[PDB]
């Protein structure tokens, strides 16, 4: 094997420069159909909304879906229009590229494929809302948002 195995995971918001902040993480959190996915603490009113089924397609890309499966419709990380600072919404699951962060066994940049040359769209957070952050592929080694995937 290689890459992340299929399963149910919690996703904690970190960065490439600080992949392991310590206790007190903010986790991807569903908050209703077609609503923005948020970054919230692992606390009583949210825990059930913080587990995600991650699956790799024959493509090598992954969907991140809310709560296993079996409802009328599968909801997961998605986007209406992919634009800078647009929110990640719980919608028809989109496909993503997961890039393992150097020095870590389990932190990945969640990348949303787009046309644009020399541009990388990555899932980040702005005020506790997950959003698409656009970065130049500049070779700078600059800070990028990333996510620690821990098995549930």
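Positions refer to the first chain, counted from 1.
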property: Average Cα temperature factor in the PDB entry - higher stretch of 120 to 128, 44 to 52; result: 44 to 52
property: Between 86 to 94 and 109 to 117 (mean CA B-factor, as deposited), the higher; result: 109 to 117
property: Maximum C-alpha temperature factor, selected from 103, 99, 58, 63; result: 58
property: For residue 35, the third of its chain into which the C-alpha B factor falls; result: middle
